[PDB]
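Structure 1 and structure 2 below are the same protein chain in two forms, each given by itself as structure tokens.
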Structure 1
């Protein structure tokens, strides 16, 4: 019977928050997304008889390992752990600002949070609740079962109960890499990786590729070559992945879905057999093309183009829908795809796996449980591992010879280069590369630093600048 082949590929990444001179983690986001998403997203595979795939960047793996070993010195978590009597004013301020930053998210819907944010001054017990409810807001699906007492309590937390939550949270972190190994060993999902620090490979290989989609921009003089670094990002990622999973990775997620003819050749030369990228790149590159085929770039490497609509539905729209209606809508779209082709379509749903859930009611758990429970029971839908997608015989395929370089942001590079502020970071990087002495220059090549550059309304955005500049400084020493 004619199946629809469905492929989820959840991308997990954090830039390095660990400042190199102090060793301090200047932002807590790796901790909070580890305890909330990085274990719990693959742990859905314990309860639902489907396949789900994951990408982990090596720089994220490094940080998970440091927290699991108890070695991460996290400045914001220190303000959470302390007895409020020991908090400095600056730490209380950071606590309030962090809460206000997250205040409108449904995972922060505690009545006690509302009371605390309307009080003009907080005493010790009120600050204990503020600290503990910030922790509990980030609680993942697994511990929502075991901490139900504390969660329904909702207020009047003790220092000892807060330390108990912290202990359970670190237990989740300690099990996180093991669950990825486990679902891989069990055949329930493939795990991929990306070039080590999530750089923009097409720019490192050939900055002129930005002109293919945006010819009216100016970019700085790349007076030194980054081509060898692009190679090192891929090679070091392969080595880290082997250490964790015991194989060389044959699938990679290109950061920001970013490809070019040169980048595809590099992935081929490094032994990658398959990657995915964005539908906008497909439409920019091939006339009349469908994203439901397996493509062979120059007969060198396999490429899938994600279904942008389905991926954007989960990432941008469904957070505001009733979970039941969202799942029924999603199935109805898969039905239309299935009825619309006479071959068996391959549908790639690819997006970040940790950022959208905080905007869903109950951290996305009603939505994903309903979605996965429905998918495991649809006999005309077969969810696939990446390995199954690449080896399946009864799929339609097409050879293509050229792509227009781009990313999944509008098919171009303008969110990372081309304006005055963003170009300033590239100029800093270029001049530092000329004098670089160690691999901290590779850290500074990560895309996150250039993404935030120019952003002036984001609280904590100065922290990303402090990190970038520290890595650039350390690279030259």
Structure 2
């Protein structure tokens, strides 16, 4: 009797490319590509397990632009330039980026503490600031290849910085190839999401928010977004087809968000399986175990992720010693394995790129320990999404209805319902009345709605500029 374990790492970035200037206004796609988007599947070169990945189409677009050398990234230019060539504004951007990342373990360089305590930085000090910002985001592969430059920790030259930059772009250029390879070799399945990561249930029926939060205020949805919901799905199928040669059979619904209407739409567009959140299951069925394969109306297969295990990795274990965290995770799997008569299916689903910057050494001790341990536990079998979808010796259940929601507490309050988030929806609704091109789809991404109210969110002025620029461009 085995326990079936399914990792599904979700990779996504909103479009940071300003449509009028073509400039990438934030470097987050660059830094997560060099740190995470190649290196997370690249663990499969060293560990004999299965790991699955979701890539959103808008992320794939940006990875391609960087790999082709076409991305004009404003923060990266401030890093690349000889400090003598820096604008005052670029020096300011470098310093503020450092300040906003200073406390993360991946920024744990003595030289950074030195530089940030200096009243004034000369050329050699700025060169170190530039190069250490680059190296702070170094991924697992290049942390070994560039270990000597990392251990320097200071006194970098322009040549050395340029060497690191070239190696970083090599990693980006190999990134889509590694997803194809692990897919073709059967080491993992690759899924995608509706194109710009929107909240499909709201686009189909904004009143679905009242299924869980009756007291929320929402704006007057005076236009229909139902066709756009279809377009997000169809365009995502086409993008995946371009990259991998086949249409996608699995999708990750953004924010784990489902509803009866959304599940019907995924079915109608030919999607065979998705996953969503355990809280949705609890809200939808009086007594239900998350370790079964569910069939929604016999139309589409649904797995509900194990929220505790997913949250332990995403939120908890950065604060633990790495062996203890792995011991805790395996011990929880042991309890699941011993608690049921059948073979349970355990979905661990979370973002694959955002938690590691808070772990010691970029989560590498944790993941190397975890994967090394997993491959040696005879009673755990890790599965691709394909294997989980088709596995015969598991328990199944049919369900007829779900209560619409997301993995945020089973509801939509992270993106709608306060005065400021609703203002953005009003802007989008009014722009949709006059939209003439697919930039209105870009503006429907969930990324433009989560930060309104999150005191503590860095660069919200840039997100506001991007959203409003996409909305204006959509009407031309």
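Positions refer to the first chain, counted from 1. Here the rigid core means the biggest group of C-alpha atoms that line up within 1.5 Å when the two forms are laid on top of each other.
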Spell out whether the Cα of residue 14 moves at least 2 Å between structure 1 and structure 2 when the two forms are superposed on their rigid core.
no
Note yes or no: does the Cα of residue 461 move by 2 Å or more between structure 1 and structure 2 after the core is superposed?
no
Once both forms share the same rigid core frame, by what distance in Å has the CA of residue 452 shifted between structure 1 and structure 2?
2.0
Shift in angstrom of the residue 320 C-alpha between structure 1 and structure 2, rigid core held fixed, comes out at 1.1
